[PDB]
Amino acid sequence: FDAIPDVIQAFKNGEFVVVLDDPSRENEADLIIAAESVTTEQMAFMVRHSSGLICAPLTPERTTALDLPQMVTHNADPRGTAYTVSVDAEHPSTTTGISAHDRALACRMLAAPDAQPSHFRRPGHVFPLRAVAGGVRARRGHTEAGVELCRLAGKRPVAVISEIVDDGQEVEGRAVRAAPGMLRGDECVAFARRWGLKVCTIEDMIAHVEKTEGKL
């Protein structure tokens, strides 16, 4: 795995980074990138290689500023993933909200310094996620990891995340993929290397933060 300072620099440079949570938690790797300048072409890559459920981790302060309430008042998710109501960008260039162009635009608009509630149509096709106030030390999730990277890299407090799936194998002429799943551990590292990305664990990210904050 790469050292956290090196992951931070790549993130500050607007690159995706590959982040693995604990094997005892989801044991999944997500692509994580700063939302502020995610490009159409980057989003297309993200959609191609992930589950396609493109989420946007943001702080509680941003969910209040942008008027993004939780999708459900009584959260039945076992991890408590804090989905807000979904959004599309209110912009003349938006069409159906689902294209790489449109999803990237929604993410950049969520991160804009001048963002306001009226800039988003609800419901939509991008899923903001409310990070907990305590950050990665408090909840060891990809939501917190994305917001933490934004803070560490001096970026706007909105990230973009999605899980890296194992799409299995193509079957010529048949609408199925054999042996699909989720990418794990070493394969996630190999994926990062193939695409020129840094890769790390939330555990190491927490160790980095503890250098300044101590153990929660």
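Start at 1 and count along the sequence shown; that's the residue number.
- Look at the C-alpha B-factors of 32 to 40 and of 179 to 187. On average they run higher in 179 to 187.
- Taking the mean C-alpha B-factor of each stretch as recorded, 116 to 124 and 78 to 86 are not equal, and the higher mean is that of 78 to 86.
- For residue 131, the recorded CA B-factor ranks within the middle third of the chain. Only modelled residues enter the ranking.
- Among the modelled residues of the chain, residue 154 sits in the middle third by CA temperature factor in this PDB entry.
- Per the PDB record, residue ranking by Cα B-factor puts residue 97 in the lowest third of the chain.
- Ranked against the other modelled residues of its chain, the C-alpha B-factor of residue 51 as given in the entry falls in the lowest third.
- Per the deposited record, the Cα B-factor of residue 169 falls in the highest third when ranked against the other modelled residues of its chain.
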